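Student: There's a structure below that I have some questions on.
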2 protein chains.
Amino acid sequence: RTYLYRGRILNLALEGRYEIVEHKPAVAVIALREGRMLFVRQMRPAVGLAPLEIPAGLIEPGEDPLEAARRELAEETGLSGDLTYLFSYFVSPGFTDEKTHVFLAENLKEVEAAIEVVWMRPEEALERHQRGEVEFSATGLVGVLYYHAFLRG
Amino acid sequence: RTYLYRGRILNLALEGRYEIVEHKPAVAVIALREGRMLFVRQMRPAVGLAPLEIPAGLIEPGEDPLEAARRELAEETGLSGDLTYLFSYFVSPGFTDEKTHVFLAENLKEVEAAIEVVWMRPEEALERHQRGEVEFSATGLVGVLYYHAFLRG
Ligand SMILES: Nc1ncnc2c1ncn2[C@@H]1O[C@H](COP(=O)(O)OP(=O)(O)OC[C@H]2O[C@@H](O)[C@H](O)[C@@H]2O)[C@@H](O)[C@H]1O
Ligand SMILES: Nc1ncnc2c1ncn2[C@@H]1O[C@H](COP(=O)(O)OP(=O)(O)OC[C@H]2O[C@@H](O)[C@H](O)[C@@H]2O)[C@@H](O)[C@H]1O
Ligand SMILES: [Zn+2]
Ligand SMILES: [Zn+2]
Ligand SMILES: [Zn+2]
Ligand SMILES: [Zn+2]
C-alpha cells in the first residue's frame with residue numbers, strides 16, 4: 001500500500017498491481033414533490049459537462065451519513081425534510097473506495113432563501129436521457145430508477 | 001490539465017484546483033432468468049471486500065459498448081444473449097470521467113463451460129443488503145432498482 005499522491009478529496013495509491021484511489025464517503029438525497037424529483041446540475045470539470053444529479057456531497061469530519069444528507073440538501077437547495085436511509089453503493093469498486101449512502105427526503109420545507117436546482121418529473125428525465133439530451137450521474141440514475149420502482153404508488 | 005500519473009486503468013491529473021482521474025469507459029449487463037438476476041462477485045482490493053455487482057468491465061480499444069457488453073457477459077459468466085442498450089451514467093462526475101453503459105440481456109444461452117457467479121432474486125439481494133449482509137456496487141444496485149421498476153411484469 002504505497003502512496004503516490006495525497007490530495008484534497010482523494011489519494012492515489014498502489015497495492016501490488018492494483019491502482020487504488022481513496023475517496024471520502026458520500027451521500028445522496030432522493031426527494032419527490034408533486035410528481036417532480038429534485039435534481040441538481042453543476043459544471044463538472046472531470047467530464048466537461050453538467051450531468052443530471054440529485055443533491056449530494058462528501059461527508060465532512062465528525063459527520064455521519066444522515067447529518068451530511070441534511071446539510072447537502074440545505075446547502076444545495078435550501079430545503080430540509082424528514083430523511084430515511086435507503087441503501088448504499090460503491091461507485092466503482094474496481095478502482096476506488098468511494099461509498100455513497102442514499103436517503104429519501106419527505107415533507108420538504110424551504111429553510112433558506114454554482115448549483116442549479118432542477119425539479120423534473122423522473123419520467124421526463126429518463127426520456128431526455130434516452131434522447132441523448134442529458135447525461136446522468138450515478139446518483140441521478142439511482143433516483144430515477146428508485147422512483148419508478150417504489151414511488152409511483 | 002497537468003498529469004501527475006499515467007497508469008493501466010487510470011491517469012491522475014490536475015485541472016486548476018480540481019483533481020481529476022481519467023478512466024476508461026465501462027459496460028454493465030442486467031440479466032434476469034426465472035426471477036433471478038445474474039450478479040457476480042470478486043475480491044475488490046480497493047474496498048477490501050466482494051460487493052454484489054452484475055457482469056461488467058472496461059471497454060477495450062476498438063470495441064464499442066455493445067461489443068464490450070457481449071464480451072464481459074461471456075468472459076465472466078460463459079453466457080451470450082440478445083442485448084439491448086438501456087442507459088448510461090457517470091460513476092462519480094465530481095472526480096472521475098468513468099462512464100458506464102448499461103445493457104439488458106435476454107434469451108441467455110451457455111456458450112462456454114476469480115469471478116463468482118451469483119444468481120439471486122433481486123428481492124433477496126435488496127433484503128440482504130438492508131440487513132447489512134452484503135454491499136452493492138453501483139452496477140449491482142442499478143440492476144436491482146431497474147428490475148423492481150420495469151421487470152416484474
Ligand atoms: N485497480 C486496478 N489497477 C490496475 N489494474 C486493475 C485494477 N482492477 C482491475 N485491474 C485489471 O484489469 C482487468 C479487468 O478488466 P475489466 O474487464 O475492466 O474488469 P474489472 O475492472 O475488474 O470490473 C469491471 C467493472 O467494475 C468497475 O469497478 C469497473 O470500472 C468496471 O465498470 C483485470 O485483468 C486486472 O488485471
Ligand atoms: N475534483 C475535485 N478536486 C478537488 N476539490 C474538488 C473537486 N470537486 C469538487 N471539489 C471541492 O469540494 C467541495 C464540494 O464538496 P462536496 O460537498 O463533496 O460536493 P461535490 O463533490 O462537488 O459533488 C457531490 C457528489 O458527486 C460525486 O461526484 C461526489 O463524490 C459526491 O458524492 C467544493 O467546495 C470544491 O471546492
Ligand atoms: Zn456540497
Ligand atoms: Zn469538504
Ligand atoms: Zn472482464
Ligand atoms: Zn483490458
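Chain lettering (A, B, ...) mirrors the order of the C-alpha cells, residue numbering begins at 1 for each chain separately, and ligand numbering begins at 1 in order of display.
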Can you tell me which residues surround residue B:16 at a distance of at most 12 Å, considering only C-alpha atoms, apart from same-chain residues fewer than 3 positions away, and format the answer as a PyMOL selection string?

Tutor: (chain A and resi 45-46) or (chain B and resi 1-3+13+19-20)

Student: Within 8 Å of ligand 3, counting only C-alpha atoms and all ligand atoms: which residues, as number ranges by chain?

Tutor: A: 56-58, 71-72, 75-76

Student: Please dump the current selection as a compact mmCIF listing (two decimals), in the first residue's frame; keep N, CA, C and O atoms.

Tutor:
```txt
# COMPACT_ATOMS: atom_id res chain seq x y z
N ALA A 56 -26.18 15.94 -3.46
CA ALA A 56 -25.16 15.02 -2.98
C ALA A 56 -23.92 15.76 -2.52
O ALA A 56 -23.74 16.93 -2.82
N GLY A 57 -23.06 15.06 -1.78
CA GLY A 57 -21.85 15.68 -1.30
C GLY A 57 -21.01 14.75 -0.46
O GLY A 57 -21.44 13.63 -0.14
N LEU A 58 -19.82 15.19 -0.09
CA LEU A 58 -18.93 14.38 0.72
C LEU A 58 -19.24 14.57 2.19
O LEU A 58 -19.64 15.66 2.62
N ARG A 71 -27.30 18.37 5.56
CA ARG A 71 -26.51 19.53 5.16
C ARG A 71 -26.51 19.77 3.66
O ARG A 71 -26.71 20.90 3.20
N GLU A 72 -26.27 18.71 2.88
CA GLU A 72 -26.24 18.87 1.43
C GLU A 72 -27.58 19.31 0.85
O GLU A 72 -27.63 20.10 -0.09
N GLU A 75 -27.70 23.04 1.82
CA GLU A 75 -26.74 23.87 1.10
C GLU A 75 -26.99 23.95 -0.40
O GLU A 75 -26.81 25.01 -1.00
N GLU A 76 -27.40 22.85 -1.01
CA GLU A 76 -27.62 22.85 -2.45
C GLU A 76 -29.01 23.30 -2.90
O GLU A 76 -29.16 23.82 -4.01
```

Student: Can you list every residue of chain B that has an atom at most 12 Å from ligand 2, with its nearest atom pair and the distance in Å to one decimal, using only C-alpha atoms and all ligand atoms, ordered by chain then number, as CSV?

Tutor:
```
residue,atom,partner,partner_atom_place_in_ligand_line,distance
B:12,CA,ligand 2,1 (N),10.5
B:13,CA,ligand 2,1 (N),9.5
B:14,CA,ligand 2,3 (N),8.0
B:15,CA,ligand 2,1 (N),8.3
B:16,CA,ligand 2,3 (N),8.8
B:17,CA,ligand 2,4 (C),5.8
B:18,CA,ligand 2,3 (N),3.5
B:19,CA,ligand 2,3 (N),3.7
B:20,CA,ligand 2,1 (N),5.2
B:21,CA,ligand 2,1 (N),8.2
B:22,CA,ligand 2,1 (N),11.0
B:89,CA,ligand 2,28 (O),11.6
B:90,CA,ligand 2,28 (O),8.6
B:91,CA,ligand 2,28 (O),7.6
B:92,CA,ligand 2,28 (O),3.9
B:93,CA,ligand 2,28 (O),4.3
B:94,CA,ligand 2,28 (O),3.0
B:95,CA,ligand 2,1 (N),4.2
B:96,CA,ligand 2,28 (O),7.5
B:97,CA,ligand 2,28 (O),9.7
B:98,CA,ligand 2,28 (O),10.8
```

Student: Would you compute the distance between atom CA of residue B:111 and atom CA of residue B:74? Give it in Å to one decimal.

Tutor: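 Rounded to one decimal, the two atoms are 7.5 Å apart.
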
Student: Write as a list in words the residues around ligand 4, taking 9 Å as the cut-off and counting only C-alpha atoms and all ligand atoms.

Tutor: residues 8, 9, 57, 58, 59, 60 and 61 of chain A

Student: As a list in words, please: the residues near residue B:115 (cut-off 12 Å, only C-alpha atoms, same-chain neighbours under 5 positions excluded).

Tutor: residues 39, 40, 41, 42, 43, 44, 50, 51, 52, 53, 54, 55, 56, 57, 72, 73, 75, 76, 77 and 78 of chain B

Student: My list of candidates is B:137, B:80, B:88, B:130. Which is closest to residue A:100 when distances are computed with only C-alpha atoms?

Tutor: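 Using only C-alpha atoms, the shortest distance to residue A:100 belongs to B:137.
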
Student: I need the residues of stretch 2-147 of chain A that end up classed as strand (DSSP E) by DSSP on the backbone, written out as a ChimeraX atom specification.

Tutor: /A:2-6,10-15,18-23,26-33,36-41,56-58,79-90,99-110,116-120
